[PDB]
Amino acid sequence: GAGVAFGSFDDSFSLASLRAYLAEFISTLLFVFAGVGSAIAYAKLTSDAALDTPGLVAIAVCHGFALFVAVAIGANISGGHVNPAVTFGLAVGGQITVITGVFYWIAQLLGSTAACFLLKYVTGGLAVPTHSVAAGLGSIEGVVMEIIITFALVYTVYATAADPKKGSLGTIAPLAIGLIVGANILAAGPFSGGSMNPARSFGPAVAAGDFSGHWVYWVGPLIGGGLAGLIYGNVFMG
């Protein structure tokens, strides 16, 4: 399989790269605004009740639909990563350079953070919820959950969008990528929160001023995404 490529500053500062960074910022902002917004909407409707099944459905569907769109609207400009773990898994398989990937991370983190401060305002100052592992459940269980579900996501990105042999999968790729996240929130929501996405988790941690447990949402997703890049890149593109 293709090796890691560090890239160059010239390449990573080209106008095409700059457009890509803006696209990643915008896609991540819009994804996180909707997705976090659905969780705040549930809190508003229920006066801050514990999550129930209708709420889980609302939040999962919102994230799946919004991520489909966020990926689609960047696909021809940046590739529509919307997610540091996607960028990382792609970098592991030589699909994006390291330098460009770092700038994608910055754009994604900025976009997510912006979305969360916008939410705080437009909702009239409601709390921005953070991802956390369920009460009582171990952190390793949470990490392993996040490894598995993020592996699923990044593997999907490889199979439908990166693979040169994708064929007609390329047309439906944004939808597959969004709806694997939706599906996986329906499973993982009550356990890890169903992040799959360090930026999605980071914005709220900034806006709520609370990084307790936040490491889970870097370690788990990066390992899952990296494992997907290693497996798909070496076996199915190698």
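Start at 1 and count along the sequence shown; that's the residue number.
The question of which stretch, 186 to 194 or 209 to 217, has the higher mean Cα B factor is settled in favour of 209 to 217. With 35 to 43 and 200 to 208 compared on mean CA B-factor from the PDB entry, the stretch scoring higher is 200 to 208.
Of all the options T87, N76, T160, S112, the entry's greatest CA B-factor is assigned to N76. By the numbers in the PDB entry, the CA B factor is greatest at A135 among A135, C116, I106, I149.
Remark: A49 belongs to the highest third of its chain, ranked by C-alpha B-factor as recorded.
For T156, the recorded CA B-factor ranks within the lowest third of the chain. Only modelled residues enter the ranking. Split the chain's modelled residues into thirds by C-alpha temperature factor. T100 is in the middle one. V71 sits in the lowest third of its chain by CA B factor, as recorded in the PDB entry.
In the deposited entry, the Cα temperature factor of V143 sits in the middle third of values across the chain's modelled residues.
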